[PDB]
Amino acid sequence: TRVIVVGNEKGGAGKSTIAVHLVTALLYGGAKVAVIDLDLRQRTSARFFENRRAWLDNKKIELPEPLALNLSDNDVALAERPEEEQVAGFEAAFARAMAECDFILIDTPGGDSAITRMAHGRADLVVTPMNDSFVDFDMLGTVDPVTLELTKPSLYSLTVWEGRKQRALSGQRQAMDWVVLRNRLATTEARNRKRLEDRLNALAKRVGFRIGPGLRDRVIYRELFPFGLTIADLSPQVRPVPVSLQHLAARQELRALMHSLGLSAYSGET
């Protein structure tokens, strides 16, 4: 089983839209995929897959679905419980997922918590969605404005470093991969392209991640969310919103994104 953990420091940058598209790409590639959502307050990924189950049940259409695992009988309430109860629920969900699935996708919220630390410690691949802007890069680390050398890694990056350190000191599993997925922004100014490219490459070198391409924000992802559908699901049998061509560029971005994660051999679409 391979464990993929999606996270970033503040929970933004389309993180849950990327997580649920990674899950459906691996389901259409024929894998069994578990999904564990550690954002106990907002549950964006868990709700997505509850919407998918409800929409498919109502339409009597069959599409692949992941094994969605909750950490307790009420994960919204679990958000306010002691961390030792949150860790217990996570360990039971992870044990089920490990017993049952080929990939385990764990979506994490912004911020630091015991369960987010534990998930990044167990990752084989950490995926960190990041918008292409100077303010966003500070969630990986601050750099000297002249030399672009790291002056302080973020708490997020320190957590990934600690997972890598422990994975080295144990030597029972393979090195963990870490990819930052850079989402292009429609507002990025051309005068900043060279400075943004240089800053993210300076961070990759000193923080130790590799860069892949992310997903541009598009209204279609928001329109599809309440149905639990991804761009990979759209077909002549599944078209829950007015037909448009608004999914073609998104489908190309998703192929490039999955290729950068090492997962092209395992990805499919409807």
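Numbering starts at 1 and follows the sequence shown.
Looking at mean Cα B-factors across 144 to 152 and 189 to 197, the upper value is held by 144 to 152.
Of the two stretches examined, 37 to 45 and 60 to 68, the record assigns the greater average C-alpha temperature factor to 60 to 68. Taking the PDB entry at face value, the top CA B factor among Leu169, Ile115, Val127, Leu78 belongs to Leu169. Across the options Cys101, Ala119, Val180, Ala93, the residue with the most elevated CA B-factor in the record is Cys101. The PDB entry assigns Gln237 a C-alpha temperature factor belonging to the middle third of its chain's modelled residues. Sort the chain's modelled residues by C-alpha temperature factor and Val135 lands in the highest third, per the entry.
Annotation for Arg52: C-alpha temperature factor in the lowest third relative to the rest of the modelled chain, per the entry. Split the chain's modelled residues into thirds by C-alpha temperature factor. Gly29 is in the highest one. Looking at the C-alpha B-factors along this chain, the one for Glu162 belongs to the middle third.
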